[PDB]
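**Q** Supplied in structure tokens, the structure appears directly below.
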Amino acid sequence: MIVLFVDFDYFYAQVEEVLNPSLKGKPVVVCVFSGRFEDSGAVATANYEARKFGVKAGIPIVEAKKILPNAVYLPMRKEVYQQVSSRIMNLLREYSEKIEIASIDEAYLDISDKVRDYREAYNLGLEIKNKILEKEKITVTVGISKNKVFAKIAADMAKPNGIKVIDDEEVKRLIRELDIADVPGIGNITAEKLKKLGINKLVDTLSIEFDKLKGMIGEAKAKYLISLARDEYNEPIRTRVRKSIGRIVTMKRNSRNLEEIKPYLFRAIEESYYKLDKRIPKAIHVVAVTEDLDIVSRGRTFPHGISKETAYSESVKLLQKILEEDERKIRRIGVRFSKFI
DNA sequence: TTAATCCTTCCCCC
DNA sequence: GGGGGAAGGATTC
Ligand SMILES: Nc1ncnc2c1ncn2[C@H]1C[C@H](O)[C@@H](COP(=O)(O)OP(=O)(O)OP(=O)(O)O)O1
Ligand SMILES: [Ca+2]
Ligand SMILES: [Ca+2]
Ligand SMILES: [Ca+2]
């Protein structure tokens, strides 16, 4: 096994500089304006000009403007980026059938055959890096290692616009010196629970009796960390499948009044069906994000497909189920369609 | 402070 | 006991 991971640099922000180079060299911040008040919303992402100064992903637009009041702030255009990704996702296909598109900007390539070792592999990196830079004018970072997890870690270490190879020897000094919080699939909450167990390095998972671990962070997540620890992790590069689509919208003012919410709910359903594109779900779920930012949801599965008229009808009833079941106020509302026929 | 998949209960019933 | 499918909360990105 030899995995080659590609992960695009400051993607949205970069795609924006690609569509107006004049931006190149200036702090660019890509926002998601909630429109609940002048400059309300957060930062989807920003290029490095803006990051060394603090402006990172997730901070309020307002807070970001206090730091870099004179940086280009642009409204996110997912679609445009979504299309740019697709094109880049093809150049990559041409480099290996066994390909796994992990997200809008990540893809794992199994070049086990194509290449015969890390020398030739690392060269295929530059070859791929360079080709994407030429065809679409985008810089990316390449990680290469024994398995996907490490191939991804390799990338995290080489960015921005870089390439790195993690060889079995390094894999080992990592299975020992890598910070458990930097292991893919281990978010904050799990990284925390693993702290109270004394597990600070991938290795520590070997000293704890499975059941205690299986009881603290779920079974699968447990067996997963172990294999990574005993260098036995080796999952295949499979072409993932969209198992559910949905959209959510923030409202102008929080609310409880049904009629007051419906219009939004529907706006969500409209957008959601359009995305489906020929797909037909058997499952629908209404998702409400309350004023205290906690999430609540309710849904129903049908023994057949859902037509738009059905979605409308059934979603309103499920929203009523939420409002009833919850006394707080609703800050956001959306729907999710899944279980596609 | 702006999408999707995983994990653990339920509940039906051989 | 345990397959098998639903539902909803919990996490990760
Ligand atoms: N709060 C947020 N709101 C919206 N999008 C977000 C938020 N936080 C993160 N994102 C998105 C922003 C990006 O589009 C996507 C992350 O891109 P990501 O792959 O993690 O790194 P990147 O490689 O493109 O950035 P970097 O320059 O650090 O390498 O996550
Ligand atoms: Ca990326
Ligand atoms: Ca991390
Ligand atoms: Ca990502």
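Going by the structure tokens order, chains are called A, B, ..., each with residues numbered from 1, while ligands are numbered from 1 in the order shown.
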In region 98-300 of chain A, what's alpha helix (DSSP H) per DSSP? Answer as a compact mmCIF listing (two decimals) with N, CA, C and O atoms, in the first residue's frame?

**A**
```
# COMPACT_ATOMS: atom_id res chain seq x y z
N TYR A 118 8.30 4.94 -2.40
CA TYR A 118 8.19 6.35 -2.04
C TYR A 118 8.93 7.35 -2.93
O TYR A 118 8.53 8.51 -3.02
N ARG A 119 10.00 6.91 -3.59
CA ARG A 119 10.75 7.78 -4.49
C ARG A 119 9.84 8.17 -5.65
O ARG A 119 9.59 9.35 -5.90
N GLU A 120 9.37 7.15 -6.36
CA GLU A 120 8.50 7.34 -7.50
C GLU A 120 7.18 7.98 -7.10
O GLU A 120 6.59 8.73 -7.88
N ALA A 121 6.73 7.67 -5.88
CA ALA A 121 5.48 8.21 -5.35
C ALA A 121 5.62 9.71 -5.13
O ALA A 121 4.82 10.50 -5.62
N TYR A 122 6.64 10.09 -4.38
CA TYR A 122 6.89 11.49 -4.12
C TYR A 122 6.96 12.25 -5.44
O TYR A 122 6.54 13.40 -5.51
N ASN A 123 7.50 11.61 -6.47
CA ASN A 123 7.61 12.26 -7.78
C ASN A 123 6.24 12.41 -8.43
O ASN A 123 5.99 13.36 -9.17
N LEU A 124 5.36 11.45 -8.17
CA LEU A 124 4.01 11.49 -8.72
C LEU A 124 3.26 12.62 -8.02
O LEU A 124 2.30 13.18 -8.56
N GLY A 125 3.72 12.96 -6.82
CA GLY A 125 3.11 14.04 -6.07
C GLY A 125 3.33 15.33 -6.83
O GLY A 125 2.37 15.97 -7.27
N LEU A 126 4.59 15.71 -7.00
CA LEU A 126 4.93 16.93 -7.72
C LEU A 126 4.25 16.92 -9.07
O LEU A 126 3.75 17.94 -9.53
N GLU A 127 4.22 15.76 -9.71
CA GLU A 127 3.60 15.64 -11.01
C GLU A 127 2.13 16.05 -10.92
O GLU A 127 1.62 16.76 -11.79
N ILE A 128 1.45 15.60 -9.86
CA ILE A 128 0.04 15.91 -9.63
C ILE A 128 -0.12 17.33 -9.14
O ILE A 128 -1.03 18.04 -9.56
N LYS A 129 0.76 17.73 -8.23
CA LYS A 129 0.72 19.08 -7.69
C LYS A 129 0.82 20.07 -8.84
O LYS A 129 -0.02 20.96 -8.99
N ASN A 130 1.85 19.88 -9.66
CA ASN A 130 2.12 20.74 -10.79
C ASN A 130 1.00 20.79 -11.83
O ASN A 130 0.67 21.85 -12.34
N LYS A 131 0.43 19.63 -12.13
CA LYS A 131 -0.65 19.56 -13.11
C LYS A 131 -1.90 20.34 -12.67
O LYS A 131 -2.57 20.95 -13.50
N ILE A 132 -2.21 20.30 -11.37
CA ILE A 132 -3.38 21.01 -10.86
C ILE A 132 -3.09 22.51 -10.85
O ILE A 132 -3.98 23.33 -11.05
N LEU A 133 -1.83 22.86 -10.62
CA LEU A 133 -1.46 24.26 -10.60
C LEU A 133 -1.58 24.84 -12.00
O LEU A 133 -1.95 26.00 -12.16
N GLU A 134 -1.27 24.03 -13.00
CA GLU A 134 -1.32 24.44 -14.40
C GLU A 134 -2.73 24.52 -14.97
O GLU A 134 -3.12 25.54 -15.53
N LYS A 135 -3.49 23.44 -14.82
CA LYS A 135 -4.85 23.36 -15.35
C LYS A 135 -5.90 24.28 -14.71
O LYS A 135 -6.73 24.85 -15.42
N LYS A 148 -4.33 5.57 4.55
CA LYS A 148 -5.02 6.86 4.52
C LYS A 148 -4.82 7.79 5.71
O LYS A 148 -4.51 8.97 5.54
N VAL A 149 -5.02 7.27 6.92
CA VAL A 149 -4.85 8.11 8.09
C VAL A 149 -3.51 8.84 8.07
O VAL A 149 -3.48 10.06 8.18
N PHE A 150 -2.41 8.10 7.91
CA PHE A 150 -1.09 8.72 7.88
C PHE A 150 -0.86 9.58 6.65
O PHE A 150 -0.15 10.58 6.72
N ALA A 151 -1.45 9.19 5.52
CA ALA A 151 -1.31 9.97 4.30
C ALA A 151 -1.91 11.34 4.58
O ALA A 151 -1.38 12.37 4.13
N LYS A 152 -3.01 11.36 5.34
CA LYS A 152 -3.66 12.61 5.71
C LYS A 152 -2.81 13.38 6.71
O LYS A 152 -2.65 14.58 6.61
N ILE A 153 -2.25 12.68 7.69
CA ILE A 153 -1.39 13.34 8.66
C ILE A 153 -0.22 14.00 7.92
O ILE A 153 0.17 15.12 8.23
N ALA A 154 0.34 13.29 6.94
CA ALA A 154 1.47 13.82 6.17
C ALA A 154 1.12 15.17 5.54
O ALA A 154 1.95 16.08 5.50
N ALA A 155 -0.10 15.28 5.05
CA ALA A 155 -0.58 16.51 4.44
C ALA A 155 -0.70 17.62 5.47
O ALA A 155 -0.27 18.75 5.23
N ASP A 156 -1.28 17.31 6.62
CA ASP A 156 -1.45 18.31 7.67
C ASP A 156 -0.13 18.92 8.08
O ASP A 156 -0.07 20.07 8.50
N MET A 157 0.94 18.14 7.93
CA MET A 157 2.26 18.61 8.32
C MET A 157 2.95 19.47 7.26
O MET A 157 3.75 20.34 7.59
N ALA A 158 2.64 19.22 5.99
CA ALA A 158 3.28 19.93 4.90
C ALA A 158 2.65 21.23 4.38
O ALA A 158 3.29 21.97 3.63
N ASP A 168 7.39 3.94 6.88
CA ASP A 168 7.20 3.05 8.03
C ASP A 168 8.02 3.39 9.27
O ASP A 168 7.54 3.24 10.39
N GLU A 169 9.25 3.83 9.07
CA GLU A 169 10.14 4.20 10.17
C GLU A 169 9.57 5.41 10.89
O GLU A 169 9.55 5.46 12.12
N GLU A 170 9.13 6.39 10.11
CA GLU A 170 8.55 7.60 10.66
C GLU A 170 7.17 7.31 11.22
O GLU A 170 6.74 7.93 12.19
N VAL A 171 6.47 6.38 10.58
CA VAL A 171 5.15 5.98 11.03
C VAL A 171 5.32 5.61 12.50
O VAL A 171 4.60 6.10 13.37
N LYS A 172 6.31 4.76 12.75
CA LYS A 172 6.62 4.27 14.09
C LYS A 172 7.01 5.34 15.11
O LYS A 172 6.53 5.31 16.24
N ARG A 173 7.87 6.29 14.74
CA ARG A 173 8.23 7.33 15.70
C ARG A 173 7.03 8.26 15.92
O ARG A 173 7.04 9.10 16.83
N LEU A 174 6.00 8.09 15.09
CA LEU A 174 4.77 8.88 15.18
C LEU A 174 3.76 8.14 16.05
O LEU A 174 3.12 8.75 16.90
N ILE A 175 3.61 6.84 15.82
CA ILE A 175 2.70 6.03 16.62
C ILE A 175 3.11 6.17 18.08
O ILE A 175 2.44 5.66 18.99
N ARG A 176 4.21 6.88 18.30
CA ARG A 176 4.76 7.07 19.63
C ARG A 176 4.84 8.54 20.02
O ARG A 176 4.58 8.90 21.16
N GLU A 177 5.18 9.40 19.07
CA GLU A 177 5.31 10.81 19.37
C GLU A 177 4.23 11.72 18.78
O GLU A 177 4.33 12.94 18.89
N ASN A 188 -12.44 17.22 19.12
CA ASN A 188 -12.23 17.73 20.47
C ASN A 188 -12.82 16.85 21.56
O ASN A 188 -12.10 16.40 22.45
N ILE A 189 -14.13 16.62 21.51
CA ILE A 189 -14.77 15.80 22.53
C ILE A 189 -14.09 14.46 22.79
O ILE A 189 -13.91 14.08 23.95
N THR A 190 -13.73 13.72 21.75
CA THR A 190 -13.07 12.43 21.95
C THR A 190 -11.64 12.61 22.40
O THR A 190 -11.12 11.80 23.16
N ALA A 191 -10.98 13.67 21.93
CA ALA A 191 -9.61 13.94 22.33
C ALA A 191 -9.57 14.24 23.83
O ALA A 191 -8.59 13.95 24.51
N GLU A 192 -10.65 14.83 24.32
CA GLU A 192 -10.77 15.18 25.73
C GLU A 192 -10.96 13.93 26.58
O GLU A 192 -10.22 13.70 27.53
N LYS A 193 -11.96 13.13 26.24
CA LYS A 193 -12.22 11.90 26.96
C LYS A 193 -10.95 11.06 27.00
O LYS A 193 -10.69 10.38 27.99
N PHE A 210 -9.20 -2.73 26.74
CA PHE A 210 -10.23 -2.45 25.74
C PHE A 210 -11.59 -2.02 26.27
O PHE A 210 -12.07 -0.94 25.93
N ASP A 211 -12.21 -2.85 27.11
CA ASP A 211 -13.53 -2.53 27.64
C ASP A 211 -13.65 -1.14 28.25
O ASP A 211 -14.68 -0.49 28.10
N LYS A 212 -12.62 -0.69 28.95
CA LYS A 212 -12.68 0.63 29.55
C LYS A 212 -12.73 1.65 28.41
O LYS A 212 -13.51 2.60 28.45
N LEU A 213 -11.90 1.43 27.39
CA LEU A 213 -11.85 2.31 26.22
C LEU A 213 -13.15 2.21 25.42
O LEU A 213 -13.72 3.22 25.02
N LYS A 214 -13.60 0.98 25.20
CA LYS A 214 -14.84 0.75 24.47
C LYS A 214 -16.00 1.41 25.20
O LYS A 214 -17.01 1.75 24.60
N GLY A 215 -15.84 1.58 26.50
CA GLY A 215 -16.90 2.19 27.27
C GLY A 215 -16.81 3.70 27.30
O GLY A 215 -17.81 4.38 27.52
N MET A 216 -15.61 4.22 27.08
CA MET A 216 -15.40 5.65 27.11
C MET A 216 -15.66 6.35 25.78
O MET A 216 -16.32 7.39 25.76
N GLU A 219 -17.15 1.62 20.67
CA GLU A 219 -16.36 0.50 20.20
C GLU A 219 -15.54 0.76 18.94
O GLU A 219 -14.32 0.67 18.96
N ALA A 220 -16.22 1.08 17.84
CA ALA A 220 -15.57 1.34 16.57
C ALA A 220 -14.40 2.31 16.70
O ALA A 220 -13.30 2.04 16.23
N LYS A 221 -14.65 3.44 17.34
CA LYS A 221 -13.63 4.46 17.55
C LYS A 221 -12.46 3.88 18.34
O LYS A 221 -11.33 4.38 18.27
N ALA A 222 -12.73 2.82 19.10
CA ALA A 222 -11.73 2.16 19.93
C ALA A 222 -10.87 1.22 19.09
O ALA A 222 -9.64 1.30 19.11
N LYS A 223 -11.52 0.33 18.36
CA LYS A 223 -10.82 -0.61 17.51
C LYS A 223 -10.01 0.15 16.47
O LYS A 223 -8.95 -0.31 16.04
N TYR A 224 -10.52 1.32 16.07
CA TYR A 224 -9.88 2.19 15.08
C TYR A 224 -8.54 2.71 15.58
O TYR A 224 -7.53 2.63 14.88
N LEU A 225 -8.53 3.26 16.79
CA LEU A 225 -7.31 3.80 17.37
C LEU A 225 -6.26 2.72 17.59
O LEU A 225 -5.06 2.95 17.39
N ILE A 226 -6.71 1.54 18.01
CA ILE A 226 -5.81 0.43 18.27
C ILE A 226 -5.06 0.04 17.01
O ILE A 226 -3.84 0.01 17.02
N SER A 227 -5.79 -0.26 15.94
CA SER A 227 -5.16 -0.64 14.68
C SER A 227 -4.12 0.39 14.27
O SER A 227 -3.06 0.05 13.74
N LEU A 228 -4.41 1.66 14.51
CA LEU A 228 -3.47 2.72 14.18
C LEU A 228 -2.25 2.59 15.07
O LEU A 228 -1.13 2.90 14.65
N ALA A 229 -2.46 2.14 16.30
CA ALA A 229 -1.38 1.98 17.26
C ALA A 229 -0.50 0.76 16.96
O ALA A 229 0.73 0.83 17.10
N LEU A 258 -45.26 29.15 14.78
CA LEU A 258 -45.21 28.25 13.64
C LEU A 258 -45.19 29.02 12.32
O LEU A 258 -44.17 29.07 11.64
N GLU A 259 -46.32 29.63 11.96
CA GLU A 259 -46.43 30.40 10.72
C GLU A 259 -45.22 31.27 10.46
O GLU A 259 -44.88 31.57 9.32
N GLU A 260 -44.57 31.68 11.54
CA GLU A 260 -43.41 32.55 11.45
C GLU A 260 -42.20 31.77 10.92
O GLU A 260 -41.34 32.31 10.22
N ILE A 261 -42.16 30.48 11.25
CA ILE A 261 -41.07 29.61 10.84
C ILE A 261 -41.28 28.96 9.47
O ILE A 261 -40.37 28.97 8.64
N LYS A 262 -42.47 28.41 9.24
CA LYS A 262 -42.78 27.72 7.99
C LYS A 262 -42.10 28.29 6.75
O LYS A 262 -41.40 27.56 6.05
N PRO A 263 -42.29 29.58 6.45
CA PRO A 263 -41.67 30.20 5.28
C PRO A 263 -40.18 29.86 5.12
O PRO A 263 -39.69 29.66 4.00
N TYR A 264 -39.47 29.80 6.24
CA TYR A 264 -38.05 29.45 6.25
C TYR A 264 -37.93 27.96 5.95
O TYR A 264 -37.21 27.54 5.05
N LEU A 265 -38.66 27.17 6.75
CA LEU A 265 -38.68 25.73 6.60
C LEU A 265 -38.79 25.40 5.13
O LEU A 265 -37.95 24.69 4.59
N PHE A 266 -39.81 25.93 4.48
CA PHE A 266 -40.02 25.70 3.06
C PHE A 266 -38.84 26.13 2.21
O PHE A 266 -38.41 25.40 1.32
N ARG A 267 -38.32 27.33 2.46
CA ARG A 267 -37.17 27.81 1.69
C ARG A 267 -36.10 26.72 1.73
O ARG A 267 -35.42 26.45 0.73
N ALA A 268 -35.96 26.07 2.88
CA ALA A 268 -34.99 25.00 3.05
C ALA A 268 -35.34 23.80 2.17
O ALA A 268 -34.48 23.27 1.47
N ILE A 269 -36.61 23.39 2.21
CA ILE A 269 -37.10 22.26 1.42
C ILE A 269 -36.93 22.51 -0.08
O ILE A 269 -36.56 21.61 -0.83
N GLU A 270 -37.21 23.74 -0.50
CA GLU A 270 -37.07 24.12 -1.89
C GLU A 270 -35.64 23.80 -2.30
O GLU A 270 -35.39 22.96 -3.16
N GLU A 271 -34.71 24.48 -1.65
CA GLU A 271 -33.29 24.30 -1.94
C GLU A 271 -32.87 22.84 -1.86
O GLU A 271 -32.10 22.37 -2.69
N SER A 272 -33.39 22.12 -0.87
CA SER A 272 -33.03 20.72 -0.67
C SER A 272 -33.42 19.80 -1.82
O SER A 272 -32.64 18.93 -2.22
N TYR A 273 -34.63 19.97 -2.36
CA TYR A 273 -35.07 19.13 -3.46
C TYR A 273 -34.25 19.42 -4.71
O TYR A 273 -33.80 18.51 -5.40
N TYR A 274 -34.05 20.70 -4.98
CA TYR A 274 -33.26 21.14 -6.11
C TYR A 274 -31.90 20.43 -6.09
O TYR A 274 -31.43 19.94 -7.11
N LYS A 275 -31.28 20.36 -4.91
CA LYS A 275 -29.99 19.69 -4.79
C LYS A 275 -30.10 18.21 -5.13
O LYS A 275 -29.29 17.68 -5.90
N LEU A 276 -31.10 17.55 -4.56
CA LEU A 276 -31.33 16.12 -4.79
C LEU A 276 -31.06 15.72 -6.24
O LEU A 276 -30.44 14.69 -6.50
```

**Q** Set the cut-off to 8 Å and count only C-alpha atoms (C1' of nucleotides): what are the residues of chain C that reach chain A? Output as a list in words.

**A**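 So the residues of chain C near chain A are residues 6, 7, 8, 11 and 12 of chain C.
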
**Q** Those residues you just picked out, can you put them in a file as a PDB file, in the first residue's frame with N, CA and C atoms (P, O5', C5', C4', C3', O3' and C1' of nucleotides)?

**A**
```
ATOM      1  P    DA C   6     -36.195   1.087   8.194  1.00  0.00           P
ATOM      2  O5'  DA C   6     -36.865   1.975   9.322  1.00  0.00           O
ATOM      3  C5'  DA C   6     -36.621   1.659  10.677  1.00  0.00           C
ATOM      4  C4'  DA C   6     -37.446   2.543  11.571  1.00  0.00           C
ATOM      5  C3'  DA C   6     -37.225   4.028  11.308  1.00  0.00           C
ATOM      6  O3'  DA C   6     -38.371   4.774  11.723  1.00  0.00           O
ATOM      7  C1'  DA C   6     -36.040   3.402  13.269  1.00  0.00           C
ATOM      8  P    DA C   7     -38.319   6.375  11.699  1.00  0.00           P
ATOM      9  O5'  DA C   7     -37.640   6.749  13.086  1.00  0.00           O
ATOM     10  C5'  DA C   7     -38.328   6.516  14.306  1.00  0.00           C
ATOM     11  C4'  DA C   7     -37.581   7.146  15.457  1.00  0.00           C
ATOM     12  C3'  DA C   7     -37.134   8.594  15.234  1.00  0.00           C
ATOM     13  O3'  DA C   7     -37.308   9.327  16.443  1.00  0.00           O
ATOM     14  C1'  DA C   7     -35.257   7.312  15.746  1.00  0.00           C
ATOM     15  P    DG C   8     -37.677  10.882  16.380  1.00  0.00           P
ATOM     16  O5'  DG C   8     -36.584  11.550  17.323  1.00  0.00           O
ATOM     17  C5'  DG C   8     -36.296  10.989  18.598  1.00  0.00           C
ATOM     18  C4'  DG C   8     -34.836  11.164  18.945  1.00  0.00           C
ATOM     19  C3'  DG C   8     -34.224  12.535  18.622  1.00  0.00           C
ATOM     20  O3'  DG C   8     -33.496  12.992  19.759  1.00  0.00           O
ATOM     21  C1'  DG C   8     -32.782  10.873  17.880  1.00  0.00           C
ATOM     22  P    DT C  11     -20.647  13.160  22.774  1.00  0.00           P
ATOM     23  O5'  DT C  11     -19.682  13.421  21.545  1.00  0.00           O
ATOM     24  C5'  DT C  11     -20.231  13.428  20.245  1.00  0.00           C
ATOM     25  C4'  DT C  11     -19.260  12.841  19.260  1.00  0.00           C
ATOM     26  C3'  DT C  11     -18.067  13.760  19.028  1.00  0.00           C
ATOM     27  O3'  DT C  11     -16.947  12.988  18.598  1.00  0.00           O
ATOM     28  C1'  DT C  11     -19.483  13.859  17.141  1.00  0.00           C
ATOM     29  P    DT C  12     -15.599  13.727  18.147  1.00  0.00           P
ATOM     30  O5'  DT C  12     -15.784  13.903  16.580  1.00  0.00           O
ATOM     31  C5'  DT C  12     -15.661  12.787  15.712  1.00  0.00           C
ATOM     32  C4'  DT C  12     -15.432  13.262  14.300  1.00  0.00           C
ATOM     33  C3'  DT C  12     -14.347  14.335  14.167  1.00  0.00           C
ATOM     34  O3'  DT C  12     -13.507  14.058  13.045  1.00  0.00           O
ATOM     35  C1'  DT C  12     -16.384  15.195  13.327  1.00  0.00           C
TER      36       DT C  12
END
```

**Q** Residues of chain B within 12 Å of chain A, counting only C-alpha atoms (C1' of nucleotides), what are they? List them as a list in words.

**A**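 Therefore, the residues near the partner are residues 1, 2, 3, 4, 5, 6, 7 and 8 of chain B.
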
**Q** Show me which residues are within 9 Å of ligand 4 counting only C-alpha atoms (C1' of nucleotides) and all ligand atoms, and format the list as a PDB file with N, CA, C and O atoms (P, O5', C5', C4', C3', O3' and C1' of nucleotides), in the first residue's frame.

**A**
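Below is the file that was written, selection37.pdb:
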```pdb
ATOM      1  N   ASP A   7      -5.026  17.716  -0.668  1.00  0.00           N
ATOM      2  CA  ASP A   7      -5.864  18.590   0.135  1.00  0.00           C
ATOM      3  C   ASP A   7      -5.557  20.037  -0.262  1.00  0.00           C
ATOM      4  O   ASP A   7      -4.498  20.560   0.080  1.00  0.00           O
ATOM      5  N   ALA A 102     -13.068  12.599  -0.426  1.00  0.00           N
ATOM      6  CA  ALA A 102     -13.462  12.758   0.967  1.00  0.00           C
ATOM      7  C   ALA A 102     -14.266  14.002   1.298  1.00  0.00           C
ATOM      8  O   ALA A 102     -14.963  14.039   2.315  1.00  0.00           O
ATOM      9  N   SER A 103     -14.159  15.024   0.459  1.00  0.00           N
ATOM     10  CA  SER A 103     -14.881  16.265   0.695  1.00  0.00           C
ATOM     11  C   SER A 103     -14.649  17.230  -0.447  1.00  0.00           C
ATOM     12  O   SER A 103     -14.044  16.874  -1.453  1.00  0.00           O
ATOM     13  N   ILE A 104     -15.107  18.463  -0.274  1.00  0.00           N
ATOM     14  CA  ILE A 104     -14.968  19.467  -1.319  1.00  0.00           C
ATOM     15  C   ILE A 104     -13.526  19.754  -1.705  1.00  0.00           C
ATOM     16  O   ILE A 104     -13.268  20.391  -2.723  1.00  0.00           O
ATOM     17  N   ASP A 105     -12.581  19.245  -0.929  1.00  0.00           N
ATOM     18  CA  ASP A 105     -11.186  19.524  -1.228  1.00  0.00           C
ATOM     19  C   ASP A 105     -10.200  18.452  -0.763  1.00  0.00           C
ATOM     20  O   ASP A 105      -9.006  18.715  -0.589  1.00  0.00           O
ATOM     21  N   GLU A 106     -10.697  17.247  -0.551  1.00  0.00           N
ATOM     22  CA  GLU A 106      -9.828  16.172  -0.122  1.00  0.00           C
ATOM     23  C   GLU A 106     -10.130  14.973  -0.967  1.00  0.00           C
ATOM     24  O   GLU A 106     -11.280  14.728  -1.312  1.00  0.00           O
TER      25      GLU A 106
ATOM     26  P    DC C  13     -12.332  15.087  12.650  1.00  0.00           P
ATOM     27  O5'  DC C  13     -12.933  15.780  11.351  1.00  0.00           O
ATOM     28  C5'  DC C  13     -13.596  14.997  10.366  1.00  0.00           C
ATOM     29  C4'  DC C  13     -14.226  15.897   9.333  1.00  0.00           C
ATOM     30  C3'  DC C  13     -13.316  17.046   8.891  1.00  0.00           C
ATOM     31  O3'  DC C  13     -13.628  17.359   7.523  1.00  0.00           O
ATOM     32  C1'  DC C  13     -15.248  17.965   9.768  1.00  0.00           C
TER      33       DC C  13
END
```

**Q** Enumerate residues in contact with ligand 2: an atom-to-atom distance of at most 12 Å, counting only C-alpha atoms (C1' of nucleotides) and all ligand atoms. Format the result as a PyMOL selection string.

**A** (chain A and resi 5-15+45-47+81+85+102-107+138-143+152+155-156+158-162) or (chain C and resi 13)

**Q** Using DSSP secondary structure from the backbone, list all strand (DSSP E or B) positions within region 202-273 of chain A, as a list in words.

**A**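 Selecting the strand (DSSP E or B) positions of region 202-273 of chain A gives residues 244, 245, 246, 247, 248, 249, 250, 251, 252, 253, 254 and 255 of chain A.
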
**Q** Please indicate the distance in Å from CA of residue 330 (chain A) to atom 16 (C, counted along the ligand's line) of ligand 1, rounded to one decimal place.

**A** 27.2 Å

**Q** Between A:241, A:166, A:50, A:115, single out the one closest to ligand 1, counting only C-alpha atoms and all ligand atoms.

**A**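 Once distances to ligand 1 are computed over only C-alpha atoms and all ligand atoms, the minimum belongs to A:50.
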
**Q** Would you kindly return, as an mmCIF file with N, CA and C atoms (P, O5', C5', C4', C3', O3' and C1' of nucleotides), in the first residue's frame, each protein, DNA or RNA residue with an atom no farther than 12 Å from any atom of residue 3 (chain C), considering only C-alpha atoms (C1' of nucleotides) and excluding same-chain residues fewer than 3 positions away?

**A**
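This is the output file result14.cif:
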```
data_model
loop_
_atom_site.group_PDB
_atom_site.id
_atom_site.type_symbol
_atom_site.label_atom_id
_atom_site.label_comp_id
_atom_site.auth_asym_id
_atom_site.auth_seq_id
_atom_site.Cartn_x
_atom_site.Cartn_y
_atom_site.Cartn_z
ATOM 1 P P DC B 12 -43.119 -2.739 19.962
ATOM 2 O "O5'" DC B 12 -42.918 -3.804 18.807
ATOM 3 C "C5'" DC B 12 -42.897 -3.380 17.460
ATOM 4 C "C4'" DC B 12 -42.542 -4.542 16.573
ATOM 5 C "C3'" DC B 12 -43.209 -5.843 17.019
ATOM 6 O "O3'" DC B 12 -43.673 -6.553 15.875
ATOM 7 C "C1'" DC B 12 -40.884 -6.161 16.973
ATOM 8 P P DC B 13 -44.648 -7.807 16.066
ATOM 9 O "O5'" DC B 13 -43.635 -9.029 16.135
ATOM 10 C "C5'" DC B 13 -42.739 -9.259 15.056
ATOM 11 C "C4'" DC B 13 -41.765 -10.357 15.403
ATOM 12 C "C3'" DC B 13 -42.381 -11.575 16.109
ATOM 13 O "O3'" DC B 13 -41.822 -12.773 15.558
ATOM 14 C "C1'" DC B 13 -40.524 -10.891 17.280
ATOM 15 P P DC B 14 -42.765 -14.046 15.282
ATOM 16 O "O5'" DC B 14 -41.744 -15.161 14.785
ATOM 17 C "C5'" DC B 14 -40.956 -14.942 13.626
ATOM 18 C "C4'" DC B 14 -39.557 -15.465 13.838
ATOM 19 C "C3'" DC B 14 -39.468 -16.923 14.306
ATOM 20 O "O3'" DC B 14 -38.212 -17.475 13.905
ATOM 21 C "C1'" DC B 14 -38.400 -15.618 15.866
#
```

**Q** Mind giving me the straight-line distance from CA of residue 37 (chain A) to atom 9 (C, counted along the ligand's line) of ligand 1 in Å, one decimal?

**A**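 Separating CA of residue 37 (chain A) from atom 9 (C, counted along the ligand's line) of ligand 1 is a distance of 21.9 Å.
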
**Q** Atom 7 (C, counted along the ligand's line) of ligand 1 to CA of residue 54 (chain A): how many Å, to one decimal?

**A**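 Distance between the two atoms: 14.6 Å.
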